[PDB]
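**Q** build me a structure from this.
(chains A, B, C and D)
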Amino acid sequence: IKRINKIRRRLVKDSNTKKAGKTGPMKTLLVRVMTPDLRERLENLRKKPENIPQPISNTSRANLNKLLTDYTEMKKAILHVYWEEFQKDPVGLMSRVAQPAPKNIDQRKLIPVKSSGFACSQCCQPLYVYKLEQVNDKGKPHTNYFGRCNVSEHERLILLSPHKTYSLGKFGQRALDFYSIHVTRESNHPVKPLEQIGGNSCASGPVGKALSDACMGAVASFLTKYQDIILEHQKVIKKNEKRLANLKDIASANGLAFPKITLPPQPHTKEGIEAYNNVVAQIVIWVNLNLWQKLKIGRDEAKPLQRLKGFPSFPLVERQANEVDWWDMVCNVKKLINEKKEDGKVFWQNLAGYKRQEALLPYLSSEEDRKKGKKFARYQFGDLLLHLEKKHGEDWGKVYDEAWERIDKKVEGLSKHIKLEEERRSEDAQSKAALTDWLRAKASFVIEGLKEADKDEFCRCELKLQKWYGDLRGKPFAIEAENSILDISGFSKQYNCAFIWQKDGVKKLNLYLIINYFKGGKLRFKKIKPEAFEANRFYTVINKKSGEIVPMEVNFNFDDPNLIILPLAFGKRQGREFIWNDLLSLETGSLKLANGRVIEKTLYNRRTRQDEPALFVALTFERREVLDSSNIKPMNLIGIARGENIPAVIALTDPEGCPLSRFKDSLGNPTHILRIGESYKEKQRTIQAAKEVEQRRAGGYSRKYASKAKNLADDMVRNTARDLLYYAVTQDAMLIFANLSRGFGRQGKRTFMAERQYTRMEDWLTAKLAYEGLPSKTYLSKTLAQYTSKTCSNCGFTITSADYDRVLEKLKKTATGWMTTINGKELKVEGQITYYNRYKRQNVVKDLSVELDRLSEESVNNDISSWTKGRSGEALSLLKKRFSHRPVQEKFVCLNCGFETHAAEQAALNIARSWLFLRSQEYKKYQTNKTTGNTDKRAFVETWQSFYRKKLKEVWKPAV
DNA sequence: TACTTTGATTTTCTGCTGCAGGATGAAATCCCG
DNA sequence: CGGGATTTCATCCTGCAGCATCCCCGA
RNA sequence: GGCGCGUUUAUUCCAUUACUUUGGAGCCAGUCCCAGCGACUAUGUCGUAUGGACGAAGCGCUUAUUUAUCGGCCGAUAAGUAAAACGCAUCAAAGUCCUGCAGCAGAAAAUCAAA
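**A** Residues are numbered from 1 along each chain as shown, chains lettered A, B, ... in the order given. Structure data below:
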């Protein structure tokens, strides 16, 4: 039976247990706080439970709300202070936040710099460089670099990273002493969040220590991203200089006038980035308008400049609160439309004959628009104008007035309907979208007469109307809520937080979470004997740094007006995982509670169809006892192929490489191929289609679809990981993946991020293995991905570009038509090719022989070598498309022997066979020969094909 | 021969992945009943 | 004088190996 | 699309704790009232269920007052109400979180240009 927990139990029973290292694996339990609505849900059951729990009391709710608001305000204040500090002096701050080396690395410094890369801003003295050479565990020598000062107060060892000229290398959350600056009463800093925001009501210790981490973590992350990106920006600047020079030369060679603008130096703020990107945009606009379009020059010969991307913003303080009132903007648009009425009337009425047809060309819909069931407001207004012209003749003076009156009446009706709708309870997004579209159409109609008179005022009007159109269409779907976070630094007597339980029976437990963050509250811990439990008394466990577990009795008062008491809501599965686990018991110390958080975030309520705030509790657990991996030795192989249409296709093989038919398909016949994840893409496309329909109708989709794709993707990833682990454990096999880079995936036009699940599957399988204490190499391995999907599994021949080039070279004409040979096999050049005509938006079918004859109609003796570049290019494009090894995505055809099969299954088998290849002796001789500087892929392909053919002859008997 | 696609830039809103920072207890003073 | 409450401090171990592989192919 | 009942995901032993999701099965989808869109006899008419508003959303099992049939519900058959309690439709899986940025993609609109 395929259960993840069953596989975990089998893994546990098969090996010994050992204590974890300094830090073990971590896992988070996310539960909900028992609120009145959950109780109401519990009271509507057909079979009512015997004991319905009490919800969170009113006093706790008030305390929690106040504390959450105060915590958010203190975070904002501290972040604003450090934003000002960074904006004043970057280098000083990022030198202050750099993490010092441990005060234990006191090996003998050997060599100073052969100097002043940075400076300790505390004393404004340079940090001199000092090296230290050592050997790693793998034998590769490594030199670390450190910065030291002659100040005794600043006699530290700040880590450094060399570049080809030094960087810092690490930013810590605790390097800067936050408590002594902002929390302690002796400090003279003008900003003291606990003393000012909270009104001296919160305990200094816990709240201050939580703020320390919460703010300095974000600051350190921003500093790391900034220092990282400031180097690739330099590389891009240097690269753009050469391209600008080359394009200037090309423009000069063709006798064109290049704009006289200069690229600014490398910027270090957001305004400089915007200026540089504006210059790049102007250059690219000119290049496209004059070089690619008019002269038909290839993009490769005239390469564009590149924008600067990835510059971070300061945390939480640079957010733009684009808060605009909707009806006010509607009124402003109406006002400015009413301003220009006379100018539009004058332009339209006094217009000439033939200029009128071109004046209203953008107002006339196309045939495709008329066919697709619905038209934009512009074309509808154009149809109205045409009918009015037919009605009144050529007297456009009356036409203008009638059109204006009709548009006003329609807009007034829409406005009245929208106001009545929003008065009661309801939102009609379609009506708002229609009103915005009709306002846009009226604005265009009025202002189109100023496109040639005053381009500055016309540009101002266009900018205003464009920004207001964007804002009006985007506001009704703008989210205004944000999560609220309350942190718990740790679970020890210091931080005044407890996770308490009554000992019902011997194993049964009651459950509360207690927070004491207000002055005056009482929460007392008392040490007791290990087995001195009593009824109606709350107990907990305290974990000591030395490995000791101290059971304590926690006593307090329920009616205390300062405490926060939270009852939790969870399921059997979560309880067996964390609270009352059979093996990982937290009373024994095998499981430890690390820290926690109280979260307020939005849940979707379908009863009211709205997002509403809700309270969650997250508790992080650390595993202290893990397994021993020294005895696991898989024997067989499972090659796994990843993709989009099918998330996983797996093939099972013996140690020799021969297929093993042990899986059962739907029909029950033995097989060696399994598919995991089918019909996932179809569901994702269905969700996307629903989203697109709503987006076209109203400009955005409802909150019902907010998290559907992510939930589906998470479900697929977790279930696929379970399936892979189950097969690997039960078949005694090692899993083999392709060596795809992190973040690998297609970045095209109709691509979606929910369909890029390669690294996610990798990470989930690795983490699931890691929680038990085993390394990734125990059950998972990677191999080179080259030529795995391009090798025939029946003959061992791999197709390459050079083969296609040589086939083009040999192709000629006999009395029967075009002919060629590959590896002594004759090819009868015939058959039709159908291509997806994008301009026609259809499928166009052509005949290869006829196309080849046409290409030979302008040529004599059919000499391919005598053709131009473009003609030969079309020739090999046609031959490649007709002789492609992958005519259809899921179908593979071998060109050398005519073998046909499924591409994914063959590639899955070839992945395992390649993993076998990498540890053969042919690869050894190839590696030895490659040391002579011969960097040729051709020899690698030779070795791969030779090994594959040898093994096919020897032991891999092909299917007959 | 031409209508209809495509190239570039700008405005607004949403979601999903990717990568940084993390997953604090021990000990020393100080004050107050 | 003991017990809360507040303040100060400090911790770390990892690769390597070749241009393709869910891209495809295009008026 | 909407409305509800809820099972299985630990072998004696572990909170039918109640959470958040992915599946299976049950029941119900009309009205131009207001808008949107399309065709025109065109400052309106007609049509169209695109969006709001209204309306729809299991079946049995046992208990006692009234009527219809005999001596005038006591004995049974149908109709009308709240509750107690069980059964069938009807069933399998998964969960490692927080903060902060960035990058891609989706959807419209505006302008210039080419073929």
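**Q** tell me who's in contact with residue A:210.
**A** A:71, A:487, A:488, A:489 (Cβ atoms under 8 Å, 6 or more residues apart in numbering). (C-beta placed from N, C-alpha, C; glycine too.)
**Q** hmm, 10 Å instead?
**A** A:71, A:74-75, A:485-490, A:495, A:517, A:595, A:597 (Cβ atoms under 10 Å, 6 or more residues apart in numbering).
**Q** and residue A:198, by the same measure?
**A** Here residue A:198 is in contact with A:66, A:67, A:70, A:71, A:73, A:74, A:192, A:204, A:207, A:517, A:518, A:519 (Cβ under 10 Å, 6+ apart).
**Q** in a strand, it, correct?
**A** No - counting by DSSP: H, G, I helix; E, B strand; the rest coil, residue A:198 falls outside a strand, being coil.
**Q** please tell me how far residue A:454 sits from residue A:465.
**A** 15 Å (Cβ to Cβ, to the nearest Å).
**Q** compare the two (neighbour count), which wins?
**A** Each of residue A:454 and residue A:465 has its neighbours counted (other Cβ atoms under 10 Å); residue A:465 has more, 19 against 11.
**Q** which element is the more buried one on?
**A** Element membership for residue A:465, per DSSP states H and E: helix A:455-474.
**Q** tell me the helices and strands packed up against that helix.
**A** Packing partners of helix A:455-474 (3 or more Cβ pairs under 10 Å, 6 or more residues apart in numbering; DSSP states H and E): helix A:326-339, helix A:429-447.
**Q** does RNA strand D sit close to the first one?
**A** No - contact of helix A:326-339 with RNA strand D (Cβ under 7 Å from any atom of the strand) is absent, the minimum separation being 12.6 Å.
**Q** between that helix and helix A:429-447, how many degrees?
**A** 20 degrees (axes from the mean of the first three to the mean of the last three Cα atoms, to 10 degrees).
**Q** buried residues in the helix or strand immediately after helix A:326-339 in the chain?
**A** As assigned by DSSP H and E, the chain's next helix or strand after helix A:326-339 is helix A:341-349. Residues of helix A:341-349 classed as buried by neighbour count (16 or more other Cβ atoms under 10 Å): A:344, A:345, A:347, A:348.
**Q** from the chain's centre, how far out does the helix or strand following the helix holding residue A:465 sit?
**A** For helix A:455-474, the following helix or strand on the C-terminal side (DSSP H and E) is strand A:484-488. Chain-centre distance of strand A:484-488: 25 Å, with Cα atoms, centre = their mean, to the nearest Å.
**Q** which residues of the stretch 551-700 of chain A fall in helices?
**A** Using DSSP state H, counting those that start in this stretch, the helices of the stretch 551-700 of chain A run over residues A:572-574, A:680-698.
**Q** wait, the stretch 751-900 of chain A
**A** With DSSP H, counting those that start in this stretch as the criterion, the stretch 751-900 of chain A has helices spanning A:758-771, A:801-810, A:848-857, A:869-882.
**Q** number of residues surrounding residue A:679?
**A** Count around residue A:679 with other Cβ under 10 Å applied: 8.
**Q** residue contacts, it?
**A** Counted by Cβ under 10 Å, 6+ apart, residue A:679 has contacts residue A:646.
**Q** residue A:140: neighbour count?
**A** Quick note: residue A:140 (other Cβ under 10 Å) scores 7 neighbours.
**Q** if you could redo that for residue A:160, that was the one I meant.
**A** Using other Cβ under 10 Å: residue A:160 sits among 23 other residues.
**Q** that one bridge partners, please.
**A** residue A:145 (DSSP bridges).
**Q** winner for burial among the helices of the stretch 751-900 of chain A?
**A** Greatest average neighbour count among the helices of the stretch 751-900 of chain A goes to helix A:758-771 (a mean of 17), per mean count of other Cβ atoms under 10 Å.
**Q** of the contacts of residue A:198, which belong to helices?
**A** A:66, A:67, A:70, A:71, A:73, A:74, A:204, A:207 (DSSP state H).
**Q** let's have those residues in CSV, adding distance to DNA strand C and neighbour count.
**A** Output for these, formatted as CSV (distance: Cβ to the nearest atom of the strand, whole Å; neighbours: other Cβ atoms under 10 Å):
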residue, distance to DNA strand C, neighbour count
A:66, 18, 14
A:67, 15, 21
A:70, 15, 20
A:71, 16, 24
A:73, 19, 14
A:74, 14, 25
A:204, 4, 16
A:207, 9, 26
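**Q** residues making contact with the helix holding residue A:465?
**A** A:322, A:324, A:326, A:329-330, A:332-333, A:336-337, A:339-340, A:432-433, A:435-437, A:439-440, A:443-444, A:446-452, A:454, A:478, A:698-700.
**Q** buried among the residues you listed? Make that a PyMOL selection.
**A** Buried residues among these (16+ other Cβ under 10 Å), as a PyMOL selection:
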select buried, chain A and resi 329+330+333+336+337+340+432+433+435+436+437+439+440+443+444+446+447+448+449+450+698+699+700
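**Q** now, which of the contacts of helix A:455-474 lie close to DNA strand C?
**A** Of these, not one also sits near DNA strand C (Cβ under 7 Å from any atom of the strand).
**Q** re earlier: in TSV, list the helices and strands packed on helix A:455-474 along with distance to residue A:940.
**A** Formatted as TSV, the helices and strands packed on helix A:455-474 follow (distance: least, Cβ to Cβ, whole Å):
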stretch	distance to residue A:940
helix A:326-339	63
helix A:429-447	58
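**Q** out of the ones you listed, which is closest to residue A:92?
**A** helix A:326-339 (43.5 Å; Cβ to Cβ).
**Q** what residue in chain A comes nearest to DNA strand B?
**A** Closest residue of chain A to DNA strand B, Cβ to the nearest atom of the strand: residue A:490 (2.3 Å).
**Q** neighbours around residue A:241, how many?
**A** 12.
**Q** which non-adjacent residue is nearest it?
**A** residue A:263 (7.4 Å; Cβ to Cβ, 6 or more residues apart in numbering).
**Q** just the element for that neighbour, please.
**A** Going by DSSP H and E, residue A:263 is not in any helix or strand.
**Q** wait, what's in contact with it?
**A** By Cβ under 10 Å, 6+ apart, the neighbours of residue A:263 are A:237, A:240, A:241, A:244, A:275, A:276, A:279, A:280, A:283, A:305.
**Q** go on, residue A:243?
**A** A:283, A:302, A:303, A:304, A:305, A:306.
**Q** just checking, the third one touches residue A:245?
**A** No - here residue A:303 lies out of contact with residue A:245, judged by Cβ atoms under 10 Å, at a distance of 11.6 Å.
**Q** which one of those two has more residues nearby?
**A** Using other Cβ under 10 Å, the more surrounded residue of residue A:303 and residue A:245 is residue A:303, with 15 against 10.
**Q** report the secondary structure element holding that one.
**A** Going by DSSP H and E, residue A:303 is not in any helix or strand.
**Q** relative to residue A:76, how far out is residue A:277?
**A** Remark: distance between residue A:277 and residue A:76 (Cβ to Cβ) = 29 Å.
**Q** go on, residue A:428?
**A** 36 Å.
**Q** buried ones among the contacts of residue A:243?
**A** A:283, A:302, A:304, A:305.
**Q** quick check, nearest of those to DNA strand C?
**A** residue A:304 (18.0 Å).
**Q** reformat the helices of the stretch 551-700 of chain A as TSV; add distance to RNA strand D.
**A** Converted to TSV, these look like this (distance: least, Cβ to the nearest atom of the strand, whole Å):
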stretch	distance to RNA strand D
helix A:572-574	4
helix A:680-698	4
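**Q** for the closest residue to RNA strand D within chain A, grab the count of nearby residues.
**A** As assessed by Cβ to the nearest atom of the strand, RNA strand D sits closest to residue A:571 within chain A, at 2.5 Å. Neighbours of residue A:571 under the rule other Cβ under 10 Å: 9.
**Q** kindly provide the distance from it to residue A:169.
**A** For residue A:571, the distance to residue A:169 - Cβ to Cβ - is 45 Å.
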